[PDB]
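Encoded as structure tokens, the structure appears first; notes follow it.
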Amino acid sequence: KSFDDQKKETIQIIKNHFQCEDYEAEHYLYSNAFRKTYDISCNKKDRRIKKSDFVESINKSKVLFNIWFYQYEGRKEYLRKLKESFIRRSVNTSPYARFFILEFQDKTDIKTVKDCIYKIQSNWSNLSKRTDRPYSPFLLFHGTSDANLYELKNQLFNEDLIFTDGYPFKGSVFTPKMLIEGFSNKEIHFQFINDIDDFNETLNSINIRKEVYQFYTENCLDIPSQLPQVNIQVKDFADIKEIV
Amino acid sequence: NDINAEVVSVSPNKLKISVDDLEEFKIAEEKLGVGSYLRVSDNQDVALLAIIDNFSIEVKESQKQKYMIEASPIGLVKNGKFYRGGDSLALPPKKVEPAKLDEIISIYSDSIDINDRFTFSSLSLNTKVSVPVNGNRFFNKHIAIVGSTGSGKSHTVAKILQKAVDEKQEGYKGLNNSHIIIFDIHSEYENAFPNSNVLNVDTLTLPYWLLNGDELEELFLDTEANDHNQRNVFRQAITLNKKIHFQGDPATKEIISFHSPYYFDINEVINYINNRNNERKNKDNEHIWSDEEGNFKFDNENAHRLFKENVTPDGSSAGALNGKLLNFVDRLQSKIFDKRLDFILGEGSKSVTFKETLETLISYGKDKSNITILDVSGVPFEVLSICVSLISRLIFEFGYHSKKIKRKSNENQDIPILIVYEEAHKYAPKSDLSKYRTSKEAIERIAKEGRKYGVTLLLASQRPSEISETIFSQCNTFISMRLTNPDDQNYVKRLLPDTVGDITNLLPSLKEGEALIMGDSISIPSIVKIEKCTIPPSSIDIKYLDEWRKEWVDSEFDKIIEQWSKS
Amino acid sequence: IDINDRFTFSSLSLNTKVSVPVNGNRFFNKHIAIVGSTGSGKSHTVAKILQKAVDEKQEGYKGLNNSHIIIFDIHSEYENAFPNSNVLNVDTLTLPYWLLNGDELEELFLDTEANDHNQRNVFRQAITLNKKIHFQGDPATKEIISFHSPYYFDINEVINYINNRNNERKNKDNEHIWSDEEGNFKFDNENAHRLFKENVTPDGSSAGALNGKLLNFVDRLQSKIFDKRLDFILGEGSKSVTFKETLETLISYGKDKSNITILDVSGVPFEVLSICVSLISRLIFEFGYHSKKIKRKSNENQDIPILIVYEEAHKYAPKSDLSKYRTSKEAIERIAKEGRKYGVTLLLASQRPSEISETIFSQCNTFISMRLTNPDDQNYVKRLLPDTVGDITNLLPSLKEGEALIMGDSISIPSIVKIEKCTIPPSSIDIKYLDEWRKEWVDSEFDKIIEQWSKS
């Protein structure tokens, strides 16, 4: 039919089937259902499949990219459309241990990562001298070489963005408690989790509410399910700045 | 960080902002003044908006500069959309920035629909923020524009009507359906609307017979020296004159009264009273007369034939009103032949029709214009309230009869009329004297019932405290310029729908062009800068010092006397 | 408040799961004042209360309940709020002029500035004698008729009587002699009835007592009965309508019964608006008086309780002691003070309470406040307030859309609630000026207005 005509129809079957809210159905389940309809339509040989195993494919924790929702409404609406759905902000941002896991690949320039880090650090921290419970976001990167990761870490320190990684000196073992003190440290801007092994040891040392914001392009890491997560898939790393 | 401000205290409706660095040294001048808007948030998405009420910059010899800003929240912005009713708790501390251009627009833009936006002013603290009002709500609910002399109140009035005339939908070249009437007593709007129908005394033709019984009993009549038997002959002459000059069916002829505006001849009314002054009764006390067509008896049917000059009385003794009406023939003749009353009592008012009068008043004649200018500067002040009330009643029952045909025709096309009352305290004052009792209820009828019938009014005055509160409070939109008289300030603040922060100090502090709009059409009561009007209202006033400085003029004086004697 | 007495029309603003019921008996038996500035949804709050009162049906029947609501609607908002009602504009309402009492008849026809004792007193004798003639029922109450008694008189004859008194002649004995078809007669009470027709020729020599002193009165009387805007109160419809059909019209007890009677007083002239309000207010209150004292001596529970909604109540009952609104001020005050014992209670609705008189606004035990932004309205409320709590009345300028504040005996605690949203809101047909002014210059719809002015 028309573009508008089937828009109110297609979300109606998914709404009562899973019994979730509007953004958990129209934005979370209906968006993923459009790709895997197209993923088998563009298959060269097996075009028609049985949909018995389709209803559990799209109920993953992830929120996949929709290229047709990129091409129609453009990048201004779509990144705003993703921002308003899962990253609903409040006036008073509570001191929660927020983890920002971003996929790092060699096609990404080192300059645009810092502007994403500067956006995450400014929007998700309150390092004021007057607050009694200061908070600072956690940053995790994956998929890249350690040589490219250290160049990003070394560049941020020269621009007076002081961070901690659980490695306070050369040859140190991983100290998870340094990130907890850095969470309450007003002179530490954010925390830089080195890898996935340093990630899961950090959740065991934090007792306050923890949120995980995952922003990948191709590969998404397996996160524990009880943690509140937002796994948004994007085209490029520069799009992550306009959603956080 | 050019600006580093932070909340240190939170009240239910007050915030304490502590500016810590202030590196820019220009942000404080434009964006941290009183009335400016702040951005209270810890994130870029959702932000409290607070307007600055009062600040204090204490500086000491040894300690730090303590820049303290006291602001009150007005609402909430959630990803570009502004929500009013600011009471959401912002737990301190919080980063405070000046609001950028997009949020301050969103305070005023999104509350009013795109289609019905009427913009004639921008924000005073930030001229890039245009401040719209609900254009439907602006005019059908009455406007009261108030502000002392030297503030440019008439510039604000002229800018709105210029914006109203230029407001049109796409599909035609020009001359939209705006119908605005201005009672210009200072002749200010002569050169503000060049495409208009200006009506001064020399060109206006107001018929005297459209006045009701009260206006006839104040124009023609003295105030206190009038007797009861001499009042009565005024009504009997006028009421019976209106019956003969009627051409309709006798059914409406029976409903013709003294307070019924139908046509009558004022020269014949004088001729009746001049005759009745000379009446002579016989022994049976019946007044016998004589015309060229024969003698008769003066009764209720032959009273119509005393209207001619060549009617000769006969009898023995003095009549009932013999010598008691000679005061009246002189007073009536002093007004018909008064050349300053030619526009109301001349020969043109007799030959004019009822439709031609209303074509003149709303510019529906041969020269059609959106704005009709009634230059009442040359109108005498004793008859000014009579002519204002005559036109105000004529325009009101135009709109009253405009939607008595909607009952039968049922067509969406209509004529909505705005009446601009410059110096509205002059026609509708607070004081209940009889000399202003003509123009009070004509304005008041438009004030109460005029929203229903599509005839609403604009009240423009530099002295608002003398306007009656039975008319000023019927206005729902209030545009307030610089008001410096404390009697005018206390009158306005009591009748305003809202209050913007501290207002007692602010009202004398308004500049030229700075105005305060507050009412139903606007979203929040805001401080605006009215648009500079390219074609400004200016009255031709005699520059006394310029004319006094030059040489003693002696050629003019003999010309003036020969004009006075018409030689 | 027990279950059978709970009247829920709103929930708590700070806790939407908390319904806020009021004592529904005490809500309406005591008077209500619903205030709040324009644009805050005060008319939304009023109609939601009457919609819940209309739908207050106990189990057992499918017909209409015993709700009786009268709305004095001047902004014409409640026509679309209650579609199953009886809306009465000037083209539909017919109020008899003879049902006005002595105060309202003088207020419609006497000139306050021309306060003539001769004009005042003749108007009593012209009307009271005319009320006696047109009475054709039981003769025992014919001679008990006074000026304030509500019986029919012909005002065209009253004008003819006063106009004849302008033509007063007198003889040497100071007796006015008149001539008609029957013959010559004196002016006494036995021949005072025959001056009511215009076919009377006076006979005499000297000037009468009121020769020409009432011509100011006669020309003022013909400016009212021949006024087309007063056709609903002084036309031929008021001649033929009676007392029963008038009262059936006012509380919707006629052929089409309805719980809510909306009196569209937008078309009423403002100088007679207080008179028309006072006529209906006094008629309904005295209907409630004769309701109770019949049932007082009969001991029956079949009762008719009436709510009168006074929207824009400062128009009718102002703070100023001006004489023009005095008729409607004392009619509302009579309902405000003595009305609750006769089953006639009032609802005062106003966006600007500061002209509501404190002698009437204080009689409203239950007080509802929308957002109030004028400090003059706020300080008037605060000093007129019932027993409140510490700082709940400081929230008046800060109320959001739909929030209200009820105190009084009907509610347990003075609280800020959120009124239930109207599914059928009050919308007035406001002429849209910027919509109409944006159109092309209307050229056809000018001569239709002018020719209709001259009755063609």
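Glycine also receives a Cβ, built like all others from the backbone with ideal geometry; neighbour counts cover every protein chain displayed. Please treat every number below as a calculation from the coordinates, not as lab data.
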**Candidate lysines - alpha carbon under 25 Å from residue A:170, same-chain residues fewer than 8 apart omitted** = A:114, A:153, A:186
**Candidates A:42, A:20, A:220: whichever shows maximal mean-square fluctuation once chain A is modelled as a Gaussian network with Cα springs under 10 Å** = A:42
**Ordering of A:61-74, C:55-68 by burial proxy (mean other Cβ atoms within 10 Å per residue, highest first)** = A:61-74, C:55-68
**Item:** Averaged over C:399-408, number of beta-carbon atoms from partner chains that fall within 10 Å
**Value:** 1
**Item:** Projected area averaged over orientations for the stretch A:6-137, convex hull of C-alpha atoms, nm²
**Value:** 11.8
**Item:** Among C:152-161, A:221-230, the order from most to least packed when residues are scored by Cβ within 10 Å on average
**Value:** C:152-161, A:221-230
**Request:** Using a Förster distance of 56 angstrom, determine the FRET efficiency expected from the C-beta separation of residue B:16 and residue B:300, and round it to 0.05.
**Result:** 0.10
**Message:** Quick check: convex hull over the Cα atoms of the stretch C:355-437, volume per residue in Å³, rounded to an integer?
**Reply:** 157
**Request:** Please order C:42, A:170 by the number of other Cβ within 10 Å, starting at the fewest.
**Result:** A:170, C:42
**Message:** With 10 angstrom as the radius, rank A:218, C:107 by how many other C-beta atoms surround their C-beta, starting from the fewest.
**Reply:** A:218, C:107
**Fill in**
Pseudo-spin-label distance residue C:180 to residue B:110, built 7 Å along Cα→Cβ, given in nm, is 7.9
**All-pairs alpha carbon distance profile, the stretch A:78-203, 5 Å steps from 0, percent** = 2, 10, 20, 23, 21, 15, 7, 2, 0
**Asked** Restricting to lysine pairs 8 or more places apart or on different chains, what number in the stretch C:292-341 have Cα atoms under 14 Å apart?
**Response** 7
**Asked** So which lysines can residue A:50 reach, going by Cα to Cα under 18 Å and dropping same-chain residues fewer than 8 places off?
**Response** A:36
**Request:** Can you list which of the chymotrypsin sites (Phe, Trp or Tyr not before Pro) found in the stretch A:84-169 are DSSP loop residues with at most 11 other C-beta atoms within 10 Å?
**Result:** A:169
**Item:** Average other protein chain Cβ within 10 Å of Cβ, residues C:424-435
**Value:** 6
**Item:** Per-bin percent of Cα-Cα distances, the protein assembly as shown [20 Å]
**Value:** 9, 29, 31, 19, 9, 3, 0, 0
**Asked** On a 0 to 90 degree scale, rounded to 10, what angle separates helix B:326-336 from the longest Cα axis of chain B?
**Response** 50
**Asked** Which loop GluC sites (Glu not before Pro) in the stretch C:282-388, with loop taken from DSSP, have no more than 13 other Cβ atoms within 10 angstrom of their Cβ?
**Response** C:300
**Asked** Which of the peptides B:501-507, B:545-551 is most tightly packed, and how do the rest follow, judged by the mean count of other Cβ atoms within 10 Å per residue?
**Response** B:501-507, B:545-551
**Proportion of all alpha-carbon pairs of chain A beyond 29 Å (%)** = 35
**Request:** Could you check how many percent of all C-alpha pairs in chain B are farther apart than 37 Å?
**Result:** 48
**Message:** Normalised by the empirical 2.2 N^0.38 Å for globular proteins, what value does the Cα Rg of the stretch A:97-154 take?
**Reply:** 1.28
**Asked** How much of the calculated P(r) for the stretch B:240-342 lies past 17 Å, in percent of all Cα pairs?
**Response** 59
**Helical contribution to [θ] at 222 nm, DSSP H n ≥ 4, -39,500 (n - 2.57), averaged over chain B, rounded to 500** = -8500 deg cm²/dmol
**Request:** Could you tell me the distance between the Cα centroids of the stretch B:89-167 and the stretch B:498-546, to the nearest Å?
**Result:** 12
**Request:** Could you check the simple spin-label distance between residue A:147 and residue B:490, using points 7 Å along Cα→Cβ, in nm with one decimal?
**Result:** 8.5
**Message:** Just want to confirm a number: the relative contact order over chain C, from Cα pairs under 8 angstrom separated by 6+ residues, in percent.
**Reply:** 28
**Item:** Between helix A:110-123 and chain A: long-axis angle, C-alpha atoms, 0 to 90°, nearest 10
**Value:** 80
**Request:** Obtain the radius of gyration and the Kirkwood radius of the stretch C:257-308 from its C-alpha atoms and give Rg over Rh.
**Result:** 1.10
**Prompt:** According to the Kirkwood expression over distinct Cα-Cα pairs, how big is the hydrodynamic radius of the stretch B:341-387, in Å?
**Reply:** 12.0
**Asked** Tell me, what is the percent relative contact order of the stretch C:247-384, built from C-alpha pairs under 8 Å that lie six or more residues apart?
**Response** 24
**Asked** Could you give the distance between the Cα centres of the stretch C:311-354 and the stretch C:1-79, to the whole Å?
**Response** 20
**Fill in**
Once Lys and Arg are counted +1 and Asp and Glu -1 for all other residues with Cβ under 14 Å from that of residue C:78, the total becomes -4
**Message:** Could you work out the pair-distance distribution P(r) of the stretch C:215-293 from its alpha-carbon pairs, with 10 angstrom bin width and percents rounded to whole numbers?
**Reply:** 15, 42, 32, 10, 2
**FRET efficiency estimate (nearest 0.05) - Cβ-Cβ, residue B:62 to residue A:36, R0 51 angstrom** = 0.15
**Item:** Inter-chain Cβ neighbour average for residues C:211-220, partner chain, 10 Å
**Value:** 5
**Request:** Could you pull out the trypsin sites (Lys or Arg not before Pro) across the stretch A:69-166 that fall in loop regions by DSSP (anything but H, G, I, E, B) with no more than 16 other Cβ atoms inside 10 Å?
**Result:** A:88, A:107, A:129, A:130
**Message:** Angle check, please: helix C:215-225 long axis (alpha carbons) against the longest principal axis of chain C (alpha carbons), in degrees 0 to 90, nearest 10.
**Reply:** 50
**Complete:** Checked against a 21 Å limit on the C-alpha separation, the offending pairs among B:141/C:421; B:173/B:368; B:366/C:448 are B:141/C:421
**Kirkwood Rh, angstrom, the stretch B:449-567 [1 / mean 1/r, Cα pairs]** = 18.2
**Asked** Give me the log10 of I(q) over I(0) for the stretch C:1-126 at q = 0.10, 0.12 Å⁻¹, as the Debye formula computes it from C-alpha points; what are the numbers?
**Response** -0.56, -0.72
**Over the stretch B:272-326, relative contact order from alpha-carbon pairs under 8 Å, at least 6 apart, %** = 53
**Fill in**
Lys and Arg at +1, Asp and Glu at -1: neighbours of residue B:520 with Cβ under 12 Å from its Cβ sum to +1
**Item:** Quarter of Cα convex hull surface for the stretch B:389-463, i.e. mean projection, nm²
**Value:** 5.1
**Part-to-part distance (alpha-carbon centres) for the stretch A:157-230 and the stretch C:413-427, which is given in Å** = 49
